[PDB]
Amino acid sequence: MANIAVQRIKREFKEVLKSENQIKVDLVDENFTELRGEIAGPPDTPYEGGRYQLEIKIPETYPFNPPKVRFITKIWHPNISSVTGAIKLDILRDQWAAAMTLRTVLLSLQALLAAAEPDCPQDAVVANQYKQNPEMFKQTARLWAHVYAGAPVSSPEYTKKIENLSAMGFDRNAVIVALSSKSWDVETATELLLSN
């Protein structure tokens, strides 16, 4: 049986033209192998008000094997690498099923943003912070949502720490990474930034 990946993707696009803005898939170029997804941060989460971009690649065996999906937009979440955007989600691995679609995949991502599993993490540092300091995690995720995903607001006590550290001559993204990973303790963030 022939690889129906391009046909199956094209069929998914013709289906999504019948509906109602939570999610979207777009072509990146003339190549149906490579798509661009976007989800909205789910309400009542720190991602609320963010728009998260997804790099979607469709293997040629699709839909018999899952699409490869990654966060392009940076995000702070136990099951997504704060560095690469790599997602650990069972429907993108051992638990794919052929009846799934990109639509149901992105909805599933939205669901994951609201249902962290910190005990089996993609990002141990975020997972630890999620368990040890739930308040600090919520603020860190909202700040990442604001800085990187267009979310409305984030906490001024955290962004003041970013400003003082960047004034010393460190790049904001490096400052943000350092403070977030050191639980917003300026002393140890500064040491990480200074280290070579």
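The first residue of the shown sequence is 1; numbering continues from there.
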{"item": "Residues of the deposited sequence left unbuilt between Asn21 and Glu20", "value": "4 to 9"}
{"item": "Higher-scoring stretch by recorded Cα B factor average, 48-56 or 22-30", "value": "22-30"}
{"item": "Given 2-10 and 185-193, the range whose Cα B-factors average higher in the PDB entry", "value": "2-10"}
{"item": "Candidate residues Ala149, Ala141, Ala167, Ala127, the one whose C-alpha B factor the record puts highest", "value": "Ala167"}
{"item": "Relative C-alpha B-factor of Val153, binned into the chain's lowest, middle or highest third", "value": "highest"}
{"item": "Cα B factor band for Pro63 (lowest, middle or highest third within the chain)", "value": "middle"}
{"item": "Lowest, middle or highest third - CA B-factor, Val16", "value": "highest"}
{"item": "Record-listed C-alpha B factor of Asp94: chain third", "value": "highest"}
